[PDB]
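Q: Sharing a structure with you now.
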Amino acid sequence: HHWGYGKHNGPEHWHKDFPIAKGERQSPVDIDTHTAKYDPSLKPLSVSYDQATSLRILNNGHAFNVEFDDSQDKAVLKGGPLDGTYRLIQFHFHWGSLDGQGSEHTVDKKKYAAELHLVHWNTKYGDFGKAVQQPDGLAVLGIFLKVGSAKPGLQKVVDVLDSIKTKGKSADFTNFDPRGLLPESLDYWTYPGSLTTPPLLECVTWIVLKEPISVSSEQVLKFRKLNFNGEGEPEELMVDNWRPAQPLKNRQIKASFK
Ligand SMILES: Cc1cccc(C(=O)NN)c1
Ligand SMILES: [Zn+2]
């Protein structure tokens, strides 16, 4: 037994091994655009990725992570709702078996084909492990994907997936520029939440961009050829690796735009 996204180990089961699954600050949520409030005190998001150093891409059995060197302030998120400096450590995606589902956050109940998560940790806590013991330890930039024209800056990711088909496989993945995954606008919604995977820790300032990026059908098709399983095990396609919306409870979603 291990947590996953199948019928017997999927999101409705996670609370048995991770009781915080039923906590007060869980993610993702539905973003109700008519309840989120414009906050004029929010600052523009500051994305400083010019010196980003990607290292490796890893199939971890539930998604693929592109990992970055976080030993210095090489790729950081500042501003927006944040106080201080958050260092990029990895990004990954969530996607569906079909174009009509795949995102974790929803917008007025709309599900996008996929969702990108760029995970950052607050440098005042020194490392990622200590950051995930804090309520302001992490900032995750979430970006929706819709199917349309291809995303050129995603193609290098797509093209290496054949080399990390199964759980535990990794490949060198240097000189990848995450700026090629951003939309034009950096307007966003923000709310306090959690990791959307076990251990579901409630450490995240979520910053979800309003504007989706467009990726081609072929690009997301290649995501769906990955495997949850390890090599030599029965093939289980890596699809529908998203957690559904959780109760908002006593939280407010703020908008950077009106
Ligand atoms: C390890 C970590 C930290 C923050 C967010 C996530 C996530 O988006 N999981 N799907 C994962
Ligand atoms: Zn995620």
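Chain labels follow the order of the structure tokens: the first chain is A, the next B, and so on; residue numbering restarts at 1 in every chain, and ligands are counted from 1 in their shown order.
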Neighbouring residues of stretch 79-81 of chain A were defined as those with any atom within 8 Å, considering only C-alpha atoms; residues of the same chain fewer than 3 positions away were excluded. Please report them as a list in words.
A: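 After dropping sequence-adjacent residues, the list is residues 42, 43, 44, 45, 46, 84, 190 and 256 of chain A.
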Q: How would the residues just picked look written out with N, CA, C and O atoms as a PDB file, in the first residue's frame?
A:
ATOM      1  N   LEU A  42      -1.535  44.469  -2.454  1.00  0.00           N
ATOM      2  CA  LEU A  42      -0.690  43.459  -3.078  1.00  0.00           C
ATOM      3  C   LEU A  42       0.284  44.122  -4.043  1.00  0.00           C
ATOM      4  O   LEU A  42      -0.063  45.071  -4.751  1.00  0.00           O
ATOM      5  N   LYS A  43       1.504  43.622  -4.071  1.00  0.00           N
ATOM      6  CA  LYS A  43       2.513  44.159  -4.972  1.00  0.00           C
ATOM      7  C   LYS A  43       2.605  43.322  -6.231  1.00  0.00           C
ATOM      8  O   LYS A  43       2.168  42.166  -6.260  1.00  0.00           O
ATOM      9  N   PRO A  44       3.165  43.867  -7.307  1.00  0.00           N
ATOM     10  CA  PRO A  44       3.446  43.022  -8.470  1.00  0.00           C
ATOM     11  C   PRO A  44       4.330  41.857  -8.056  1.00  0.00           C
ATOM     12  O   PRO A  44       5.201  41.993  -7.190  1.00  0.00           O
ATOM     13  N   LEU A  45       4.090  40.709  -8.678  1.00  0.00           N
ATOM     14  CA  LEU A  45       4.991  39.582  -8.518  1.00  0.00           C
ATOM     15  C   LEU A  45       6.344  39.909  -9.138  1.00  0.00           C
ATOM     16  O   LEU A  45       6.419  40.435 -10.255  1.00  0.00           O
ATOM     17  N   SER A  46       7.410  39.547  -8.441  1.00  0.00           N
ATOM     18  CA  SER A  46       8.773  39.697  -8.940  1.00  0.00           C
ATOM     19  C   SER A  46       9.345  38.300  -9.169  1.00  0.00           C
ATOM     20  O   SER A  46       9.658  37.587  -8.209  1.00  0.00           O
ATOM     21  N   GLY A  84       9.896  38.848   1.926  1.00  0.00           N
ATOM     22  CA  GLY A  84      11.171  38.176   1.799  1.00  0.00           C
ATOM     23  C   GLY A  84      11.282  37.395   0.505  1.00  0.00           C
ATOM     24  O   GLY A  84      10.514  37.571  -0.442  1.00  0.00           O
ATOM     25  N   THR A 190      -4.261  34.833  -4.729  1.00  0.00           N
ATOM     26  CA  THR A 190      -3.409  34.250  -3.697  1.00  0.00           C
ATOM     27  C   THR A 190      -4.231  33.861  -2.472  1.00  0.00           C
ATOM     28  O   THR A 190      -5.212  34.529  -2.128  1.00  0.00           O
ATOM     29  N   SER A 256      -4.851  40.196  -7.376  1.00  0.00           N
ATOM     30  CA  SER A 256      -3.923  41.295  -7.620  1.00  0.00           C
ATOM     31  C   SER A 256      -4.443  42.289  -8.650  1.00  0.00           C
ATOM     32  O   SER A 256      -3.756  43.287  -8.929  1.00  0.00           O
TER      33      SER A 256
END
Q: Would you mind listing what lies within 10 Å of residue A:35 as an mmCIF file with C-alpha atoms, in the first residue's frame, with only C-alpha atoms counted and same-chain residues fewer than 6 positions away left out?
A:
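Below is the file that was written, result.cif:
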data_model
loop_
_atom_site.group_PDB
_atom_site.id
_atom_site.type_symbol
_atom_site.label_atom_id
_atom_site.label_comp_id
_atom_site.auth_asym_id
_atom_site.auth_seq_id
_atom_site.Cartn_x
_atom_site.Cartn_y
_atom_site.Cartn_z
ATOM 1 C CA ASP A 108 -15.461 29.045 -11.206
ATOM 2 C CA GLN A 252 -9.906 34.440 1.733
ATOM 3 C CA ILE A 253 -8.644 34.421 -1.846
ATOM 4 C CA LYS A 254 -7.236 37.801 -2.870
ATOM 5 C CA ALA A 255 -6.788 39.095 -6.418
#
Q: I'd like to know which of A:60, A:241, A:174, A:205 is closest to ligand 2, using only C-alpha atoms and all ligand atoms.
A: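 Result for the nearest residue to ligand 2: A:241.
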Q: Could I get the residue neighbourhood of ligand 2 at 10 Å, counting only C-alpha atoms and all ligand atoms, as a PyMOL selection string?
A: chain A and resi 27-28+62-63+65+91-94+103-104+115-119+140-142+194-197+241-243
Q: Given the selection you just returned, output its residues as a file containing N, CA, C and O atoms, formatted as an mmCIF file, in the first residue's frame.
A:
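Output contents, as saved in result.cif:
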data_model
loop_
_atom_site.group_PDB
_atom_site.id
_atom_site.type_symbol
_atom_site.label_atom_id
_atom_site.label_comp_id
_atom_site.auth_asym_id
_atom_site.auth_seq_id
_atom_site.Cartn_x
_atom_site.Cartn_y
_atom_site.Cartn_z
ATOM 1 N N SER A 27 -5.154 22.376 0.134
ATOM 2 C CA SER A 27 -5.146 22.742 -1.274
ATOM 3 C C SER A 27 -5.297 21.497 -2.130
ATOM 4 O O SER A 27 -4.969 20.384 -1.705
ATOM 5 N N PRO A 28 -5.770 21.658 -3.365
ATOM 6 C CA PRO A 28 -6.200 22.904 -4.004
ATOM 7 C C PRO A 28 -7.596 23.345 -3.561
ATOM 8 O O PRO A 28 -8.246 22.671 -2.743
ATOM 9 N N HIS A 62 4.732 9.852 -9.103
ATOM 10 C CA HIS A 62 3.454 10.552 -9.164
ATOM 11 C C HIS A 62 3.455 11.770 -10.069
ATOM 12 O O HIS A 62 2.370 12.207 -10.472
ATOM 13 N N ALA A 63 4.612 12.303 -10.427
ATOM 14 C CA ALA A 63 4.752 13.337 -11.446
ATOM 15 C C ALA A 63 6.204 13.272 -11.902
ATOM 16 O O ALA A 63 6.936 12.348 -11.526
ATOM 17 N N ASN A 65 9.589 15.839 -11.690
ATOM 18 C CA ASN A 65 10.102 17.077 -11.117
ATOM 19 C C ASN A 65 11.321 17.515 -11.898
ATOM 20 O O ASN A 65 12.259 16.727 -12.069
ATOM 21 N N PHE A 91 10.045 22.311 -10.226
ATOM 22 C CA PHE A 91 8.682 22.428 -10.730
ATOM 23 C C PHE A 91 8.196 21.078 -11.247
ATOM 24 O O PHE A 91 8.978 20.182 -11.554
ATOM 25 N N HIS A 92 6.873 20.949 -11.331
ATOM 26 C CA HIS A 92 6.229 19.744 -11.826
ATOM 27 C C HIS A 92 4.847 20.139 -12.333
ATOM 28 O O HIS A 92 4.399 21.278 -12.162
ATOM 29 N N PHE A 93 4.164 19.166 -12.919
ATOM 30 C CA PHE A 93 2.822 19.369 -13.448
ATOM 31 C C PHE A 93 1.855 18.341 -12.884
ATOM 32 O O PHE A 93 2.243 17.283 -12.380
ATOM 33 N N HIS A 94 0.571 18.679 -13.001
ATOM 34 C CA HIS A 94 -0.550 17.769 -12.797
ATOM 35 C C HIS A 94 -1.366 17.785 -14.077
ATOM 36 O O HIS A 94 -1.538 18.851 -14.683
ATOM 37 N N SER A 103 -6.234 19.982 -14.005
ATOM 38 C CA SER A 103 -5.738 20.954 -13.039
ATOM 39 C C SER A 103 -6.217 20.592 -11.638
ATOM 40 O O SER A 103 -7.189 19.861 -11.452
ATOM 41 N N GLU A 104 -5.500 21.119 -10.648
ATOM 42 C CA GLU A 104 -5.867 20.971 -9.239
ATOM 43 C C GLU A 104 -6.740 22.136 -8.779
ATOM 44 O O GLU A 104 -7.882 21.937 -8.361
ATOM 45 N N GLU A 115 -1.816 21.707 -14.843
ATOM 46 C CA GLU A 115 -1.412 22.810 -13.981
ATOM 47 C C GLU A 115 0.055 22.626 -13.619
ATOM 48 O O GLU A 115 0.470 21.538 -13.225
ATOM 49 N N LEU A 116 0.821 23.697 -13.775
ATOM 50 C CA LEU A 116 2.242 23.754 -13.454
ATOM 51 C C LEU A 116 2.423 24.335 -12.054
ATOM 52 O O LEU A 116 1.800 25.352 -11.718
ATOM 53 N N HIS A 117 3.279 23.701 -11.246
ATOM 54 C CA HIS A 117 3.607 24.184 -9.906
ATOM 55 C C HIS A 117 5.099 24.434 -9.826
ATOM 56 O O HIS A 117 5.889 23.490 -9.942
ATOM 57 N N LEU A 118 5.479 25.693 -9.601
ATOM 58 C CA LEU A 118 6.870 26.061 -9.353
ATOM 59 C C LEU A 118 7.015 26.269 -7.854
ATOM 60 O O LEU A 118 6.410 27.187 -7.290
ATOM 61 N N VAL A 119 7.806 25.418 -7.215
ATOM 62 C CA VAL A 119 7.862 25.340 -5.754
ATOM 63 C C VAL A 119 9.059 26.129 -5.260
ATOM 64 O O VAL A 119 10.187 25.874 -5.697
ATOM 65 N N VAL A 140 4.204 28.674 -3.819
ATOM 66 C CA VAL A 140 4.084 27.891 -5.035
ATOM 67 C C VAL A 140 3.365 28.751 -6.058
ATOM 68 O O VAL A 140 2.285 29.284 -5.779
ATOM 69 N N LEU A 141 3.997 28.929 -7.214
ATOM 70 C CA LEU A 141 3.395 29.633 -8.334
ATOM 71 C C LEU A 141 2.693 28.603 -9.207
ATOM 72 O O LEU A 141 3.340 27.676 -9.725
ATOM 73 N N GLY A 142 1.373 28.728 -9.326
ATOM 74 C CA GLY A 142 0.566 27.787 -10.082
ATOM 75 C C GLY A 142 0.159 28.434 -11.396
ATOM 76 O O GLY A 142 -0.241 29.598 -11.422
ATOM 77 N N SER A 194 -1.691 24.424 1.157
ATOM 78 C CA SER A 194 -0.865 23.287 1.535
ATOM 79 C C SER A 194 -0.191 22.697 0.308
ATOM 80 O O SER A 194 -0.527 23.018 -0.830
ATOM 81 N N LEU A 195 0.726 21.767 0.556
ATOM 82 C CA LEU A 195 1.074 20.794 -0.479
ATOM 83 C C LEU A 195 -0.185 20.067 -0.924
ATOM 84 O O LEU A 195 -1.057 19.758 -0.104
ATOM 85 N N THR A 196 -0.267 19.757 -2.217
ATOM 86 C CA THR A 196 -1.411 19.010 -2.732
ATOM 87 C C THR A 196 -1.122 17.525 -2.839
ATOM 88 O O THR A 196 -1.988 16.770 -3.286
ATOM 89 N N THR A 197 0.082 17.101 -2.457
ATOM 90 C CA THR A 197 0.498 15.715 -2.331
ATOM 91 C C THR A 197 0.864 15.442 -0.881
ATOM 92 O O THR A 197 1.370 16.338 -0.198
ATOM 93 N N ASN A 241 -3.185 12.704 -12.212
ATOM 94 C CA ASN A 241 -2.422 12.855 -10.970
ATOM 95 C C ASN A 241 -2.716 14.189 -10.295
ATOM 96 O O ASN A 241 -1.810 14.920 -9.883
ATOM 97 N N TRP A 242 -4.008 14.488 -10.143
ATOM 98 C CA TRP A 242 -4.458 15.725 -9.528
ATOM 99 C C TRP A 242 -5.362 15.421 -8.347
ATOM 100 O O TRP A 242 -6.133 14.462 -8.373
ATOM 101 N N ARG A 243 -5.220 16.228 -7.306
ATOM 102 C CA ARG A 243 -6.135 16.212 -6.175
ATOM 103 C C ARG A 243 -7.300 17.160 -6.450
ATOM 104 O O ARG A 243 -7.090 18.269 -6.951
#
Q: Nearest residue to residue A:123 out of A:107, A:143, A:89, A:221, using only C-alpha atoms?
A: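 Looking at the shortest contact to residue A:123, the residue is A:89.
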Q: Applying 10 Å and only C-alpha atoms, which residues near residue A:177 remain after dropping the ones on its own chain fewer than 6 positions away? List them as an MDAnalysis selection string.
A: chainID A and resid 49:54 153:154 156
Q: Go ahead and dump the residues you just picked, N, CA and C atoms, as a PDB file, in the first residue's frame.
A:
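Dumped everything to part-v1.pdb:
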ATOM      1  N   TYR A  49      14.380  34.811 -12.490  1.00  0.00           N
ATOM      2  CA  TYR A  49      14.844  33.495 -12.908  1.00  0.00           C
ATOM      3  C   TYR A  49      16.048  33.567 -13.842  1.00  0.00           C
ATOM      4  N   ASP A  50      16.658  34.751 -14.007  1.00  0.00           N
ATOM      5  CA  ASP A  50      17.724  34.917 -14.996  1.00  0.00           C
ATOM      6  C   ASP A  50      18.916  34.004 -14.729  1.00  0.00           C
ATOM      7  N   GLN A  51      19.220  33.714 -13.466  1.00  0.00           N
ATOM      8  CA  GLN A  51      20.358  32.862 -13.135  1.00  0.00           C
ATOM      9  C   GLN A  51      19.941  31.453 -12.729  1.00  0.00           C
ATOM     10  N   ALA A  52      18.740  31.025 -13.106  1.00  0.00           N
ATOM     11  CA  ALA A  52      18.262  29.702 -12.724  1.00  0.00           C
ATOM     12  C   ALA A  52      19.211  28.618 -13.226  1.00  0.00           C
ATOM     13  N   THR A  53      19.497  27.639 -12.361  1.00  0.00           N
ATOM     14  CA  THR A  53      20.342  26.496 -12.719  1.00  0.00           C
ATOM     15  C   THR A  53      19.545  25.209 -12.557  1.00  0.00           C
ATOM     16  N   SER A  54      18.960  24.697 -13.642  1.00  0.00           N
ATOM     17  CA  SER A  54      18.302  23.402 -13.546  1.00  0.00           C
ATOM     18  C   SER A  54      19.360  22.304 -13.515  1.00  0.00           C
ATOM     19  N   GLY A 153       8.751  26.926 -25.053  1.00  0.00           N
ATOM     20  CA  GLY A 153       9.620  26.702 -23.913  1.00  0.00           C
ATOM     21  C   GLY A 153       9.348  25.425 -23.144  1.00  0.00           C
ATOM     22  N   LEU A 154       8.263  24.712 -23.466  1.00  0.00           N
ATOM     23  CA  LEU A 154       7.984  23.423 -22.847  1.00  0.00           C
ATOM     24  C   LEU A 154       8.581  22.257 -23.619  1.00  0.00           C
ATOM     25  N   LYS A 156      11.540  21.255 -24.611  1.00  0.00           N
ATOM     26  CA  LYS A 156      12.691  20.508 -24.106  1.00  0.00           C
ATOM     27  C   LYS A 156      12.273  19.535 -23.009  1.00  0.00           C
TER      28      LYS A 156
END
Q: From the set A:212, A:19, A:126, A:11, which residue has the shortest atom-to-atom contact distance to ligand 1, counting only C-alpha atoms and all ligand atoms?
A: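 Closest to ligand 1 of all the choices is A:11.
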Q: Which residues are near stretch 180-185 of chain A? Cut-off 10 Å, only C-alpha atoms, ignore same chain within fewer than 3 positions. Put them as a PyMOL selection string.
A: chain A and resi 47+116+143-145+151-155+176-177+188+209-215
Q: Excluding same-chain residues fewer than 6 positions from residue A:61, what lies within 8 Å of it counting only C-alpha atoms, as a ChimeraX atom specification?
A: /A:166-168,227-230
Q: Measuring between only C-alpha atoms, which one of A:231, A:24, A:162, A:99 shows the shortest distance to residue A:250?
A: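 For residue A:250, the nearest of the given residues is A:24.
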Q: May I ask which of the residues A:149, A:72, A:122, A:85 is the closest one to ligand 1, counting only C-alpha atoms and all ligand atoms?
A: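 Going through A:149, A:72, A:122, A:85 one by one, the smallest distance to ligand 1 is for A:122.
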Q: Tell me, in Å to one decimal, how far atom CA of residue A:201 is from atom CA of residue A:87.
A: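 Straight-line distance from atom CA of residue A:201 to atom CA of residue A:87 works out to 18.2 Å.
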Q: Taking into account only C-alpha atoms, which residue in the set A:32, A:187, A:12, A:73 is nearest to residue A:257?
A: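 Using only C-alpha atoms, the shortest distance to residue A:257 belongs to A:187.
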Q: Separation of atom CA of residue A:138 and atom CA of residue A:240, in Å?
A: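 Answer for the atom CA of residue A:138 to atom CA of residue A:240 separation: 24.5 Å.
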Q: Need the shell around stretch 170-173 of chain A: protein/DNA/RNA residues with any atom at most 7 Å away, counting only C-alpha atoms. Skip same-chain ones fewer than 3 positions apart. Format as a list in words?
A: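 Neighbouring residues, sequence-local ones excluded: residues 54, 55, 56, 57, 58, 59, 163, 164 and 176 of chain A.
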Q: Given the selection you just returned, output its residues as a file containing N, CA, C and O atoms, formatted as a compact mmCIF listing (two decimals), in the first residue's frame.
A:
# COMPACT_ATOMS: atom_id res chain seq x y z
N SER A 54 18.96 24.70 -13.64
CA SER A 54 18.30 23.40 -13.55
C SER A 54 19.36 22.30 -13.52
O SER A 54 20.46 22.47 -14.04
N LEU A 55 19.04 21.19 -12.86
CA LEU A 55 20.00 20.10 -12.73
C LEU A 55 19.55 18.80 -13.37
O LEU A 55 20.33 18.13 -14.07
N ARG A 56 18.30 18.40 -13.14
CA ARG A 56 17.90 17.02 -13.33
C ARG A 56 16.39 16.99 -13.47
O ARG A 56 15.70 17.87 -12.96
N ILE A 57 15.88 15.96 -14.14
CA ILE A 57 14.45 15.71 -14.21
C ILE A 57 14.22 14.29 -13.70
O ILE A 57 14.96 13.37 -14.07
N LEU A 58 13.23 14.13 -12.82
CA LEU A 58 13.02 12.88 -12.09
C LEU A 58 11.57 12.44 -12.20
O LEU A 58 10.66 13.23 -11.94
N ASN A 59 11.35 11.18 -12.59
CA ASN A 59 10.02 10.58 -12.46
C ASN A 59 9.93 10.02 -11.04
O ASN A 59 10.61 9.05 -10.71
N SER A 163 13.02 9.33 -21.71
CA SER A 163 14.16 8.82 -20.96
C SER A 163 13.87 8.67 -19.48
O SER A 163 14.74 8.17 -18.75
N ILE A 164 12.69 9.08 -19.00
CA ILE A 164 12.33 8.90 -17.60
C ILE A 164 10.93 8.30 -17.51
O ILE A 164 10.09 8.77 -16.74
N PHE A 176 17.86 24.58 -18.44
CA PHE A 176 16.46 24.81 -18.78
C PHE A 176 16.01 26.13 -18.17
O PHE A 176 16.24 26.37 -16.98
Q: So the first atom is atom CA of residue A:111 and the second is atom CA of residue A:98; what is the distance between them in Å, to one decimal place?
A: 10.9 Å
Q: Using DSSP on the backbone, list every residue of stretch 90-190 of chain A that comes out as alpha helix (DSSP H), and give them as a PyMOL selection string.
A: chain A and resi 128-131+155-160
Q: What are the DSSP strand (DSSP E or B) residues of stretch 6-152 of chain A, as an MDAnalysis selection string?
A: chainID A and resid 30:31 37:38 45:48 54:59 64:68 76:79 86:95 106:107 110 114:122 138:147
Q: Take the residues from that selection and write them out as a tab-separated table (two decimals), in the first residue's frame, keeping C-alpha atoms.
A:
chain	number	residue	atom	x	y	z
A	30	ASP	CA	-11.93	26.32	-6.31
A	31	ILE	CA	-11.22	29.99	-7.07
A	37	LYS	CA	-11.44	40.39	-3.56
A	38	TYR	CA	-9.06	42.80	-5.25
A	45	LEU	CA	4.99	39.58	-8.52
A	46	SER	CA	8.77	39.70	-8.94
A	47	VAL	CA	10.06	36.63	-10.82
A	48	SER	CA	13.88	36.61	-10.96
A	54	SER	CA	18.30	23.40	-13.55
A	55	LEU	CA	20.00	20.10	-12.73
A	56	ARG	CA	17.90	17.02	-13.33
A	57	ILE	CA	14.45	15.71	-14.21
A	58	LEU	CA	13.02	12.88	-12.09
A	59	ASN	CA	10.02	10.58	-12.46
A	64	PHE	CA	8.07	14.43	-12.94
A	65	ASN	CA	10.10	17.08	-11.12
A	66	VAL	CA	12.57	19.40	-12.78
A	67	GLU	CA	15.05	20.17	-9.99
A	68	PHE	CA	17.13	23.33	-9.52
A	76	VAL	CA	13.79	33.59	-6.66
A	77	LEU	CA	10.24	34.82	-6.21
A	78	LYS	CA	9.70	38.10	-4.34
A	79	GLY	CA	6.92	40.62	-4.02
A	86	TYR	CA	11.71	32.45	-1.88
A	87	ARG	CA	14.14	30.19	-3.80
A	88	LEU	CA	13.04	27.90	-6.64
A	89	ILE	CA	13.73	24.22	-5.84
A	90	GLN	CA	11.64	22.29	-8.40
A	91	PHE	CA	8.68	22.43	-10.73
A	92	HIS	CA	6.23	19.74	-11.83
A	93	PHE	CA	2.82	19.37	-13.45
A	94	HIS	CA	-0.55	17.77	-12.80
A	95	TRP	CA	-2.57	16.61	-15.78
A	106	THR	CA	-10.32	25.31	-10.63
A	107	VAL	CA	-11.68	28.72	-11.64
A	110	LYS	CA	-13.58	25.18	-14.59
A	114	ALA	CA	-3.02	20.65	-16.63
A	115	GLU	CA	-1.41	22.81	-13.98
A	116	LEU	CA	2.24	23.75	-13.45
A	117	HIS	CA	3.61	24.18	-9.91
A	118	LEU	CA	6.87	26.06	-9.35
A	119	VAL	CA	7.86	25.34	-5.75
A	120	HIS	CA	9.89	27.88	-3.75
A	121	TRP	CA	11.06	27.97	-0.14
A	122	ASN	CA	11.53	30.95	2.19
A	138	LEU	CA	6.77	27.90	0.89
A	139	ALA	CA	5.43	29.83	-2.07
A	140	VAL	CA	4.08	27.89	-5.04
A	141	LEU	CA	3.39	29.63	-8.33
A	142	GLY	CA	0.57	27.79	-10.08
A	143	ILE	CA	0.01	28.20	-13.82
A	144	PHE	CA	-2.90	26.70	-15.74
A	145	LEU	CA	-2.39	24.91	-19.06
A	146	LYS	CA	-5.02	24.84	-21.81
A	147	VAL	CA	-4.73	22.92	-25.07
Q: If we count only C-alpha atoms and set the cut-off at 9 Å, which residues sit around residue A:133, ignoring sequence neighbours fewer than 3 positions away in its own chain? Please answer as number ranges by chain.
A: A: 129-130, 136-137, 201-203
Q: Emit the selected residues as a short mmCIF file (atom, residue, chain, number, x, y, z; two decimals), in the first residue's frame, including N, CA, C and O atoms.
A:
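Produced file selection_11.cif, reproduced below:
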data_model
loop_
_atom_site.label_atom_id
_atom_site.label_comp_id
_atom_site.auth_asym_id
_atom_site.auth_seq_id
_atom_site.Cartn_x
_atom_site.Cartn_y
_atom_site.Cartn_z
N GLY A 129 13.76 21.63 4.08
CA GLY A 129 13.23 20.80 5.17
C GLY A 129 12.75 21.62 6.35
O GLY A 129 11.74 21.29 6.98
N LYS A 130 13.47 22.69 6.70
CA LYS A 130 13.03 23.54 7.79
C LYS A 130 11.86 24.40 7.36
O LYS A 130 10.96 24.68 8.17
N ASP A 136 4.66 30.00 6.83
CA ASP A 136 5.04 30.80 5.66
C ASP A 136 6.30 30.24 5.00
O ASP A 136 7.15 30.98 4.49
N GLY A 137 6.41 28.90 4.99
CA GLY A 137 7.66 28.31 4.56
C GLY A 137 7.82 28.24 3.06
O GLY A 137 8.95 28.28 2.56
N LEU A 201 1.46 19.17 3.82
CA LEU A 201 1.79 20.10 4.89
C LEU A 201 1.26 21.50 4.57
O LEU A 201 1.28 21.95 3.42
N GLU A 202 0.83 22.21 5.61
CA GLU A 202 0.09 23.46 5.42
C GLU A 202 1.04 24.66 5.50
O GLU A 202 0.98 25.49 6.41
N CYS A 203 1.96 24.73 4.51
CA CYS A 203 3.07 25.68 4.57
C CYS A 203 3.10 26.66 3.41
O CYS A 203 4.07 27.42 3.28
#
